Amino acid sequence: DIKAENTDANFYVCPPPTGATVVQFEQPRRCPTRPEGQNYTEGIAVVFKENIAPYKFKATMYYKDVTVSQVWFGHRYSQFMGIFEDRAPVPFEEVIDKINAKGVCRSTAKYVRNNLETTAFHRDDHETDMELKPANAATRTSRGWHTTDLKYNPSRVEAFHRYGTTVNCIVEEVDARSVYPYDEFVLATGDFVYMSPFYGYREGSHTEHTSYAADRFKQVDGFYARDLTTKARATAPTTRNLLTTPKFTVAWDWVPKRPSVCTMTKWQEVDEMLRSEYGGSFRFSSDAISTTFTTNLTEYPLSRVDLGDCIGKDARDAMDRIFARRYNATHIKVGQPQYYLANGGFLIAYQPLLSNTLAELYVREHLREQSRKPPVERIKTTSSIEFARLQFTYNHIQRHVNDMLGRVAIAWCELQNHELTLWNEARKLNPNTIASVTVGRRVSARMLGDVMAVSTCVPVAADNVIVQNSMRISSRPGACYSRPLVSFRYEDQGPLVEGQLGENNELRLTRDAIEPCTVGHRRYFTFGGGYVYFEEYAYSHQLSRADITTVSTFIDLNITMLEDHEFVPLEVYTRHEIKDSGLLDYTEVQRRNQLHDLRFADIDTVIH
Amino acid sequence: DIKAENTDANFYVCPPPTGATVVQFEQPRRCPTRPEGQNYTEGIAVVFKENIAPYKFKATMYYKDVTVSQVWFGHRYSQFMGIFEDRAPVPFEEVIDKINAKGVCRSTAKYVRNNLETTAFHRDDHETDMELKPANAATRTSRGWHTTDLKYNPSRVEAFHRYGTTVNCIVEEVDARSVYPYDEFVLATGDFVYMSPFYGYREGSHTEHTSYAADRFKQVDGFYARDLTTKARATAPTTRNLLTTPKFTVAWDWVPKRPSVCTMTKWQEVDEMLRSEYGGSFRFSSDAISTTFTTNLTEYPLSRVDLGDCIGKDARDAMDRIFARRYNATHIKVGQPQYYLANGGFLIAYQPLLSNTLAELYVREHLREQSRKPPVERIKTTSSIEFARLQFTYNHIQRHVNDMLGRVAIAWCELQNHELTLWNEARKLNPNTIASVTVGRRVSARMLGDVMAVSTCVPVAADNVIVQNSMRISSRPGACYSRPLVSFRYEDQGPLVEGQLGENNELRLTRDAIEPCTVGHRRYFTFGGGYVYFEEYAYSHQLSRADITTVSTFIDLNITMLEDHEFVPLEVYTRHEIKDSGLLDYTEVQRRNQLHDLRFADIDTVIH
Amino acid sequence: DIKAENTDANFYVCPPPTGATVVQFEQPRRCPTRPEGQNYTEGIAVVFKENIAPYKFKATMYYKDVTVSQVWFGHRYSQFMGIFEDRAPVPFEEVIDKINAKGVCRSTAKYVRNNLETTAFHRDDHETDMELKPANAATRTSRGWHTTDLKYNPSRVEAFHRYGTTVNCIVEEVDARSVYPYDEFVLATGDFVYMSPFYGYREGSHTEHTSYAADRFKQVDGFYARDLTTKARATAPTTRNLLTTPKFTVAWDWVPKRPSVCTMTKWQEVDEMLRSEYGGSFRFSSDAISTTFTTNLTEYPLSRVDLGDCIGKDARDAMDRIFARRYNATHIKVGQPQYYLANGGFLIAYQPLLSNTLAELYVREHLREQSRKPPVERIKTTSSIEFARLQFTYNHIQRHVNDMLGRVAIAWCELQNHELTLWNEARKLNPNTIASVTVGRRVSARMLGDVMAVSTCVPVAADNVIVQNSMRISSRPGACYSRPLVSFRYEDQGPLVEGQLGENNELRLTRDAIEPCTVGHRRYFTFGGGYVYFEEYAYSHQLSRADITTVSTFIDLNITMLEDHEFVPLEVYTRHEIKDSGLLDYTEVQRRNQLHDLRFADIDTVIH
Ligand SMILES: *[C@@H]1O[C@H](CO)[C@@H](O[C@@H]2O[C@H](CO)[C@@H](O)[C@H](O)[C@H]2NC(C)=O)[C@H](O)[C@H]1NC(C)=O
Ligand SMILES: *[C@@H]1O[C@H](CO)[C@@H](O[C@@H]2O[C@H](CO)[C@@H](O)[C@H](O)[C@H]2NC(C)=O)[C@H](O)[C@H]1NC(C)=O
Ligand SMILES: *[C@@H]1O[C@H](CO)[C@@H](O[C@@H]2O[C@H](CO)[C@@H](O)[C@H](O)[C@H]2NC(C)=O)[C@H](O)[C@H]1NC(C)=O
Ligand SMILES: *[C@@H]1O[C@H](CO)[C@@H](O[C@@H]2O[C@H](CO)[C@@H](O)[C@H](O)[C@H]2NC(C)=O)[C@H](O)[C@H]1NC(C)=O
Ligand SMILES: *[C@@H]1O[C@H](CO)[C@@H](O[C@@H]2O[C@H](CO)[C@@H](O)[C@H](O)[C@H]2NC(C)=O)[C@H](O)[C@H]1NC(C)=O
Ligand SMILES: *[C@@H]1O[C@H](CO)[C@@H](O[C@@H]2O[C@H](CO)[C@@H](O)[C@H](O)[C@H]2NC(C)=O)[C@H](O)[C@H]1NC(C)=O
Ligand SMILES: *[C@@H]1O[C@H](CO)[C@@H](O)[C@H](O)[C@H]1NC(C)=O
Ligand SMILES: *[C@@H]1O[C@H](CO)[C@@H](O)[C@H](O)[C@H]1NC(C)=O
Ligand SMILES: *[C@@H]1O[C@H](CO)[C@@H](O)[C@H](O)[C@H]1NC(C)=O
Ligand SMILES: [Cl-]
Ligand SMILES: [Cl-]
Ligand SMILES: [Cl-]
């Protein structure tokens, strides 16, 4: 008769289970809890870095340009037999009396050179106090004053060597720069001075390093400087230093050391700096600069910092300013400011805050912020902050992803527990399909009260199943079968079995499934890889799944992967671009300069 | 009789609910929608940075080495009483006529020094034009030419001071470098020249800065240079400059200023630069360099840029080249190129594109790209691009994570809405278990049509429950109980209640649960923390959950957390390694050099 | 009679479906698998960078300070007519014999200058061997020795020019520095020396670059140096070099070249460096420094590296040390160390490891690590490692997110497949509501065996529905209706239809829904946007959803988005701060220094 038109499936005989095998459903699981969560402290921060910048100040130089030339005369020319140039230090006396008082300078220089007291005379005449005319126009320089525009040369005497002295008294304002430990400094002209710029008398600054004779240094109390250009006196009374070097004299207003230098520099003021304790370490996170710093749980004492006067003062001046701008009505200062040393060598000044609304915790926390209180050297700061920003970025994504998937993991678990209650009611309705989906294999099931009995199924080949043409019971008219009759064999050569088709291609051995006849009885029955269609209890034809419209119970979820991505090296200016930005390269110049003999002369030839 | 073998659970009496308390299920919720999503513009980009590189050019120096020595003679030695060295500037005349025309130089130097016209004679003889032999072998230098290899010294005259003049005419090619604002420059020898390298006559370049006398400068139109080595003339006619300084004369081919300098440098050409509007700002993202830039919605006018000629020209030359390589058949140029200033001080040249397939929007968008059109100073570029790459990385992960969890949130909601339809049918089947799971507490339920009536349950201690030995009804044989009989008391000292065991350890008060007897009736019934097993309506024994095979209805989901991770500071070369890479340190050298008197002499002793 | 109190809903007439339209549920889907996952190799790494640091060594200088002064006398002063200073190279002879043997130096200098053999006499007397007293106190300098503290000046002779010679024999220890390609070097004093620091005799180091005469260089085998301060000889016998320049003589112990220089520097030792193959490239990831490097699958041969002796030696010395500390009992070395060149110009030395527990794969993998084995130039290393840390951070988050959502996608799919089994049983119970939720529209459904027949519903306006007051059947007492009677019309002007209220506001056309009467029959029935309440089969009143307590079947899931975040540019020290940290700026100084004539004199005036 009729075999299956679709052979791409299996049939199963499903005998009733005895109770030899019994199973139960797993009870609901204890669901994970959301973590308590990191507690953040609100605070104002000031981050500090290593000071790499030198101390800078204003200074004035006083010297003279002593030039002695030697000229020869012939027919009819002249030729310098030599030009001797030297720098003569202007003694304290002339500066205060001739310059700063009148604006004039001497036409004579007198100084110590190579262990002899030499004396020069401008124009080889005698003393004459000469006004200090401003220096010629030159951009990006300080002001300057000279007394003579010209070099003096001897009158012509044929076939003779004559000498001419020139004296130009020079006063220029210069910048001075000193580096740690501030025991010597340099001028804009390139001259070194081997003394601390804080060497004076007032207070204990006479302890500073000097390498010159005591008589080279003098300090004037109440020194009223007079602008050599506007001829104006100074309304302010400044203390003024004067050191006389072998080549010059340097004047500058003296100032105390500590309130003027610092081995630390204020870097970032942070309005909202959240501190969380995490792992026996502190995390100072700033949303505004995307930076997270890591420190120990103990403060760093500023008494361990060499020359760190500016730290306390700068940290307070900012915090007060910020507190008054942002928190002057919303929070409360909890304790004095704190200082922690962060990885990378950053010093963090921190002022814990507490919300007005939660003021009931002040004491509880005030005690805590006092636990961290501190019971000389130099801090070294890295040049790259990128690690602390990697930290910040990573922590933030990490915290978010873990939070969210954590929530999903819980919601997933709750839903599994809840749906068990549906599975429990479903299993009574259709023990076979439920048990099969639960276990993972087509089995036969039957409730034994509260547990579920399970027996295995037996496969039957598709070509071994024949469906009978009719569904009407001839013996007792007025009654028919609900589902079609079938015949089959387990093995290919075996005998036929009288059976009835059940759901899911199950072959039932009892033909008991009986219903009273009806009109227009049209049914589709699952049969093989498709359906068999009956019309009024008579076989019509078979058909395929594709012939019937499909609708889904499934809820779509469209997850795609985040693709691989390659980060290439990328620099704004490469290390070489930075080197080449310098206008002159000392090394390059010296290398050429010192090749000059080799390139253009002969250092390996003696004449006799 | 028989108590519970497992006392680790609860029993509940569940009286029928009246209707005093009624509940309903929450209707389906409005599910969230997926956001519309950022629209990206396809475009070609050229990113620009601050130009930190100086202008560089070729120059030739012309000077002479005037050396006058003084020697003394004894028995039987010689000793230099002095050596006077000077650099004599070669006048325009000799360069064009003797050098560039023949290759020879004069044996005499004549120049201005200390306000006197001096004159030198090589070998103290008279004029003699001397060929310019190439300079000696020296690596990594330019070429050079000198006329004399030797210094001339006077013939021996016992007990006498004699003088000897030496003249070496020198011509070397040198590199020149100038920095913004290009009003002076330096040579490779270290010499400064206080004039703009664009100072000439042609066009309006006579306006450039100079600080020398007019007669120091001359320019030759059509200057045919002659290679002093190969003796070859220049086939090309160049305009040539000549400035005469107090120490030398510098020659170099003159060129216009604007098409030769720029305060900006092309940094990255970007094939695909996506621009999205987001937050009243633009985002220029480049997948290729992993960089996202942030700019305002308005272009930056190039008319605000000082010396930015190269920007327009370079930006176009690249975009055209790229368009022709990649988009010459796929897209359409939309408007002229645009320029936006990005955070960090990056100038972005941008050319919007439009896909051929979507050409119907040209006008619609062409109008938009014209809205941004612009209706002198210096741009400052940071050295660190890392922020814009942090930006890029973060945005990309952010966009992906939000997209995906967004989808989950929707799919989760849809599934909750869908399953309600199962809960609705389940509640009819087992109002007690469904109501209990829904509320959260063991209650008793009953449908009142479309709402659900709920009463509370009553707990009964485990030790207060006894299960009867039989399940057979003695009064009417041929009928038995479905579930075992029980007896219990609410309070420990109270009286016994005739009852029947229901599902989930419920104690039913009516013993109505009756079924017709059967053969082989074996049932497991939930009882306490385990099951009670009956066989043919007679008590067999109790047992524990562990005694029965467990199968799960639950679908596993294995979510683990992304662990904490610490980013340490890491530098390739530390700030100090970069300092020390320099071969000579000017500061270190000067500090030693200027200590020399102090270390090896006496600057504090006068002899008389 | 009674209309709906809540008009905010719809009613539907749901006629039985014929079988004209039939649907089926979508079968379970094939669920995605978890990917196999990247396999990591455990290994020890040593990362190498470009060596930017010069070669540094100790050197001694030997020269003399020859000073000849000229003084004039008057009434009653003195004035230097000139001071000639020169540096005289100390010949090999005096250093070994007078200095290194006794500690004394000559009072005479004899040397070659400007092609003449000059000779100087200290104090203008004759030879006298003078002890070398230590140099004066000066911080941060090396030691030094001079013979004379004073400059000698001639005795006073009125109206006469007299000359005085001074000789100071000087010996100072200096540091020397040379850069690639190491063919010349510099001293701390700033002097250049144009010879390779490896120029000697022993081995083939006579091939090094020199630019001086052969007689300028001498090497002493077995040179026992004597400390000029402690008067102590050297117990060690060193080979010693002596080069004599025109200005000085430099001595230094000679050493071989290759084992002393390198164009590469060890940067990071990495304990655990995981290597994975991914995309025809290798990924070397280090958890400890948060860095992921990218290389080709082929080793880089060290034979392609110029002067890379240190690489092999340093890479082994560390790996052995580390292996012995960490893996001396846990893993096995697999092959000789390997070298790969990574993007950014990093050289990675790698030693693959294998866990003892998985030793069965040695051969299988030993063969593989030999496939990569290599069958001169300079490597260039970027200054920024940030890209490889971006890489690391991104990959790690990427891997985690994809893993987890991947798992969710699978678990989601499995749950959809599992719940179908519930939907299958539910549809028999309530074909109307199930079919409606499945399709998406209120339809009418009926099972046709195994498929489901579906017809559309018809909407009826709310104001068109009237609910009858009673529920009792007058004709046959002892029986009532389960759900209320209703009357309605499809169109507003149409006729009334006798009908019964079903679930979900369906209007049933057959009034068959009949139950036997009961006492206390109180029911709530869905009616419009609320319920209608009956009490003992008689209409009571209507009410709203809000009047009844709501309980939810829904499981909450609380997903929030990860917000936008802006990364601002942030630098620790800006490019300008780094420039200004230098104490002296060569360029700044030279610019001032060379302005001095222009500012303070006149270079444009001839006197006659
Ligand atoms: C505390 O913070 C608030 C923040 O707005 C300040 O409010 C402003 O205060 C200034 C001057 O104090 C007023 O001119 C402004 O009009 C205020 N802003 C408004 C009204 O929006 C407040 O002043 C701060 N308190 C102190 C003492 O500085
Ligand atoms: C926080 O305190 C710890 C103390 O455990 C410091 O650890 C030091 O780490 C360095 C580097 O490895 C070691 O050389 C020291 O010996 C450690 N100190 C001690 C006491 O063991 C750590 O440096 C502190 N953090 C900061 C930022 O200073
Ligand atoms: C536009 O882009 C396409 C991209 O492939 C170019 O195609 C190549 O064109 C060159 C020369 O124009 C041919 O030699 C190649 O064989 C082409 N590549 C192939 C066939 O794969 C195209 O030429 C471009 N158009 C212009 C005008 O440059
Ligand atoms: C985009 O336009 C805004 C205008 O709101 C610019 O904002 C400036 O921000 C700086 C730094 O805080 C302020 O000093 C200026 O006063 C602001 N300008 C104005 C007009 O308020 C912003 O700089 C622009 N973006 C770029 C990259 O230039
Ligand atoms: C191999 O590694 C283990 C790691 O602990 C080493 O164990 C330590 O070894 C040292 C000296 O070898 C002992 O002083 C320590 O007490 C050991 N640590 C303990 C016991 O915790 C082991 O020694 C290593 N092997 C070699 C040969 O170095
Ligand atoms: C890995 O091998 C590839 C070979 O395909 C190298 O690719 C080179 O890439 C540069 C830059 O684009 C090109 O200039 C070369 O022409 C390419 N080489 C070849 C043979 O095509 C790549 O450089 C290698 N990786 C490393 C780190 O060296
Ligand atoms: C899911 O999205 C991917 C790409 O985003 C698309 O290819 C696929 O067709 C989508 N499928 C569904 C069912 O949304
Ligand atoms: C889930 O994964 C974790 C680690 O990935 C493992 O410990 C656990 O046994 C796994 N459980 C299941 C049910 O997959
Ligand atoms: C979910 O969380 C958000 C914020 O985290 C909160 O506003 C909302 O009330 C929460 N809702 C539930 C049902 O958890
Ligand atoms: Cl953080
Ligand atoms: Cl982006
Ligand atoms: Cl990785």
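Heads up, residue numbers simply count up from 1 along the chain you see.
Each Cβ is built from the backbone N, Cα and C atoms, and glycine gets one as well.
Annotated features, as they stand in Swiss-Prot:
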DISULFID  B:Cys14-B:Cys457  disulfide bond
DISULFID  B:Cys31-B:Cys413  disulfide bond
DISULFID  B:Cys105-B:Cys169  disulfide bond
DISULFID  B:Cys262-B:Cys310  disulfide bond
DISULFID  B:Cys480-B:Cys517  disulfide bond
CARBOHYD  B:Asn39  N-linked glycosylation site
CARBOHYD  B:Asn296  N-linked glycosylation site
CARBOHYD  B:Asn328  N-linked glycosylation site
CARBOHYD  B:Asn558  N-linked glycosylation site
REGION    B:71-77  region 'Involved in fusion and/or binding to host membrane'
REGION    B:156-163  region 'Involved in fusion and/or binding to host membrane'
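Comparing the glycosylation sites B:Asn296, B:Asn328, B:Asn558 on other C-beta atoms within 10 angstroms of each C-beta gives the minimum for B:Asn328. Here 14 residues go unmodelled in the deposited structure, bounded by B:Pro375 on one side and B:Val376 on the other; the Cα atoms of these bounding residues are 15 Å apart. Distance from the CA of B:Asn296 (N-linked glycosylation site) to the CA of B:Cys310 (disulfide bond) is 23 Å. Within the chain, the region 'Involved in fusion and/or binding to host membrane' (B:71-77) has long-range Cβ neighbours (under 8 A, six or more residues past its boundaries) at 153-154, 156-162, 164. Taking the Cα of B:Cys31 (disulfide bond) as the reference point, the closest of the recorded positions B:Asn39, B:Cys105, B:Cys262, B:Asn296, B:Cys480 is B:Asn39. Remark: B:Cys480 (disulfide bond) has B:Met471, B:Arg472, B:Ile473, B:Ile514, B:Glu515, B:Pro516, B:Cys517, B:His521, B:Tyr537 as non-local neighbours, by Cβ distance under 8 Å and separation of at least 6 in sequence. Closest to B:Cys262 (disulfide bond) by Cα-Cα distance, out of the recorded positions B:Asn39, B:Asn296, B:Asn328, B:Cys413, B:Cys457, is B:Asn296. Filtering the recorded positions B:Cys14, B:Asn39, B:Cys105, B:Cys169, B:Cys262, B:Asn558 for a Cβ under 8 angstroms from any Cβ of chain C leaves B:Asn558, in order along the sequence. The recorded positions recorded for this entry are B:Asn39, B:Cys169, B:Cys457, B:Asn558, and the Cα of B:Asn558 lies nearest to that of B:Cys413 (disulfide bond).
Residue counts of the region 'Involved in fusion and/or binding to host membrane' (B:71-77) by helix, strand and coil are 0 helix, 3 strand, 4 coil (DSSP-based). Take the disulfide-bonded residues B:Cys105, B:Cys310, B:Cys457, B:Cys517: by the count of other Cβ atoms within 10 Å of each Cβ, the lowest one is B:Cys517.
Fewest other C-beta atoms within 10 Å: among the disulfide-bonded residues B:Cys31, B:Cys169, B:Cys262, B:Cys413, that description fits B:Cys31. Taking the Cα of B:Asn558 (N-linked glycosylation site) as the reference point, the closest of the recorded positions B:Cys105, B:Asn328, B:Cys457 is B:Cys457. Listed in sequence order, the residues of the same chain lying 6 or more apart from B:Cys14 (disulfide bond) and placing their CB within less than 8 Å of its CB are B:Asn432, B:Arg442, B:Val443, B:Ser444, B:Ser455, B:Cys457, B:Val458, B:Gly502, B:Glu506, B:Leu507, B:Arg508. Broken down by DSSP into helix, strand and coil, the region 'Involved in fusion and/or binding to host membrane' (B:156-163) contains 0 helix, 2 strand, 6 coil.
In sequence order, B:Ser276 make up the list of same-chain residues 6 or more apart from B:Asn39 (N-linked glycosylation site) whose Cβ falls under 8 Å from its Cβ. Among the recorded positions B:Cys169, B:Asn296, B:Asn328, B:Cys413, B:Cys480, B:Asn558, the ones whose Cβ sits under 6 Å from an atom of ligand 4 are, in sequence order, B:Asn296. Here the C-alpha separation of B:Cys169 (disulfide bond) and B:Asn328 (N-linked glycosylation site) works out to 60 Å. Checked against ligand 3, the recorded positions B:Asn39, B:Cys169, B:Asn328 give B:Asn328 in sequence order as having a Cβ less than 6 Å away from one of its atoms. In this structure, the CA atom of B:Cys105 (disulfide bond) is 61 Å away from the CA atom of B:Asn328 (N-linked glycosylation site). DSSP assigns B:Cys310 (disulfide bond) to a helical segment in the three-state reduction.
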